[PDB]
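Two versions of one and the same chain are coming, encoded as structure tokens; call them structure 1 and structure 2.
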Structure 1
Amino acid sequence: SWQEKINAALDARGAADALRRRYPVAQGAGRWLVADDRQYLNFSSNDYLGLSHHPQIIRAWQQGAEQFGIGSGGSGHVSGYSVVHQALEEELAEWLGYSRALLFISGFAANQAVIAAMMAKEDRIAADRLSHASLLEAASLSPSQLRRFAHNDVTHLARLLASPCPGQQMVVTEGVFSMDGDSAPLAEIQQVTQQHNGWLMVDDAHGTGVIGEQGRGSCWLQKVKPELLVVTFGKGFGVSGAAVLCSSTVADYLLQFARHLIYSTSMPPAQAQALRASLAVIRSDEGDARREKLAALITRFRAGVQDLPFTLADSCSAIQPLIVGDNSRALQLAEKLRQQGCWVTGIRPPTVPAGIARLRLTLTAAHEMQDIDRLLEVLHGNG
């Protein structure tokens, strides 16, 4: 019965210490975390360039409310398509070298709407095995067939694309992977994708704004233009939302068939003004300064881990993992760090694969070398 169904499931999660509870925070983004009116250095957020508290971004969010009120009033297919929404999309499309952009309320929504609109039961989705849960979930629910290729294995991907297919195939991967921080062999991936008349879909949540010239992300940097690029704004951009970069025809296609775009309220125009300002910083000289400082900090942290008995879970991005060599995967070293002012976190399956529960540390440009020195200090010891 319903409650038995509920209760059992909850019981199974308990049994693996797979149980998640939220902790309420006063501040969760950027240099500092504030919890229980207790300040910690924050190594758990996704605010990679420290824009969540940029004065200009804050101001565009406030002024926009002054100008546009809050709610958009409806769907972009009725009276909810603001000129500010339009401008943001044009600016995004201009920035990344695409003909069109389409705003979504979230990255999760964008990925699922694309995969749902475009894939049919005859089709195939070849996705990296560590692709984000919104992609895999959706490809899973899709009536299309889903095949995963081993992480970054272009050989394997080739084998899956080569397999006789009744319909079309979509390759999907990430620019900067969620949990490991590594990148995908994009030029190599796109060439086998192309060889099989595939289309490539790249999710650059974790690279967008943070690498490449003008922070244009993983695809620009690597000289690849996937037919679909998803960019999401709740990380480096410091806000919320997402967009789908694509051609004019695919764009038109997505406007007809992507329910999340048709049957969902558009974002408040003021949120969109905030995103445009964020884009401005990211493409600005301040944008470069922030990217370079983040790189400086990564270097610093990474060199520091050399004198340490841990996993330098080879990452050049703001994401620096640490697999679990023991931890009521839930916590420690995690707590030790926490008690010492370094707010860190334990990431466990199903989010992570296997005996792979971990410390997913993230650096940001809001941090300072003395913050990193401390996290180094505390991983090393001191008290």
Structure 2
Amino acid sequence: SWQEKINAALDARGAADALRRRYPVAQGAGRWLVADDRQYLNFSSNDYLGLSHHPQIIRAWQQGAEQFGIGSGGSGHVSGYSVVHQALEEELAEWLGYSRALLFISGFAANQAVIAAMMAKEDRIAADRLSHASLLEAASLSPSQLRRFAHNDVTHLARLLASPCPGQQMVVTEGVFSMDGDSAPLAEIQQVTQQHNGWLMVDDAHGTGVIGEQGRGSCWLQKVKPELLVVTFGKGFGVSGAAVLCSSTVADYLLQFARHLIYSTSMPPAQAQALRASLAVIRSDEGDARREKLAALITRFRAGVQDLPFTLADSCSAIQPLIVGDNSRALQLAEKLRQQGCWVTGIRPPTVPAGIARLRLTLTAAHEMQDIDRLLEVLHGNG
């Protein structure tokens, strides 16, 4: 029956331990986290540049409501395509060096929309084994064939691409990977993709706004232009939403065949104004100051772990894995940190293999050096 199907599934998830439970917060973005009315240093949010609380972005969101009301009133294909949406798209395309940008209500929707629209049963997706679930889920449901290459292994990628394919091939990777914060070798990946006549799709959720000139992200920094670039605004941008960057004809195509685009309500124009505001901060001298402050905090953090009984990742970004090893020690550590006013998130098997449990820390430009020093002190020992 249905209920038994439900029940058994929750039971298998329990047995694998794997149970998830949301905790409500009064504040969850930026330097602080407030839970159960207690203040904590927040090392668990994706607000990498501290923009969620930025007064210019807050005011754009507020004035945009005065000017446009709240809901757009419809899809972008009927009465919901605002002059603010259009301006935001044009400013994103110009920023990142593409012909067109298309807005989406979430990065998860944009990824899923692109793949559903572009990939046919004859085609192949070659995706990094560690790609975001939205990408892999979508690639899996797709009628097209899905092959994974070992993480960042371009030799393995070239072999996948070289295998006979009845249709077209799309390579997919991240500019900065979600789990370990490492970067993909985009220039070599792009070379072998072109060698096999494929196209490249890069998801730069963790790179966008945070690295490269004017924060343009991983592709710009590495002087690669993939055919498809997906940027999401729920992280560094400090808001929510996403864009697909692409050529004129691919944009026209998505406008015809991406159903998330055709049959979904567009975002509130006041959300779009906050995103334009966010983009303007990111591109500005203050954007540069925030990125350099983030880099300074990361340096301070990685230096201080050198004396600690833990290990770091190959990450130069806001994502800073602290590898602990054992799942009980990792859980203990995070619980001790919490008692001591530092809110962290532990990642343990099975999400990661056997003996690699960890805290996945995230730093932000809203933090201060004394916050890193407090984290380091508690990691050391004191309470």
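Quick note, the numbers are simply positions in structure 1, starting from 1. In this text, rigid core is short for the largest set of C-alphas that superpose within 1.5 Å between two forms.
**Student:** Which residue of 329, 54, 338, 31 is the mover here, meaning its C-alpha shifts by 2 Å or more between structures 1 and 2 once both are aligned on the rigid core?
**Tutor:** The one that moves 2 Å or more is 329.
**Student:** Return yes or no for residue 316: a CA shift of at least 2 Å between structures 1 and 2, with the rigid core superposed?
**Tutor:** For residue 316, whose C-alpha is compared between structures 1 and 2 after core superposition, the shift is less than 2 Å.
**Student:** Superposed on the rigid core, does the Cα of residue 63 end up 2 angstroms or more away between structures 1 and 2?
**Tutor:** Stays below the 2 Å threshold, so no.
**Student:** On a rigid core superposition, would residue 41 pass a 2 Å threshold for CA movement between structures 1 and 2?
**Tutor:** Superposed on the core, residue 41 moves its C-alpha less than 2 Å between structures 1 and 2.
**Student:** When the rigid core is overlaid, by how much has the CA of residue 16 moved between structures 1 and 2, in Å to one decimal?
**Tutor:** In the core superposition between structures 1 and 2, the C-alpha of residue 16 moves 1.9 Å.
**Student:** Hey, core superposed, how many Å does residue 352 shift at the CA between structures 1 and 2?
**Tutor:** Taking the core as reference, the C-alpha of residue 352 is shifted 4.6 Å.
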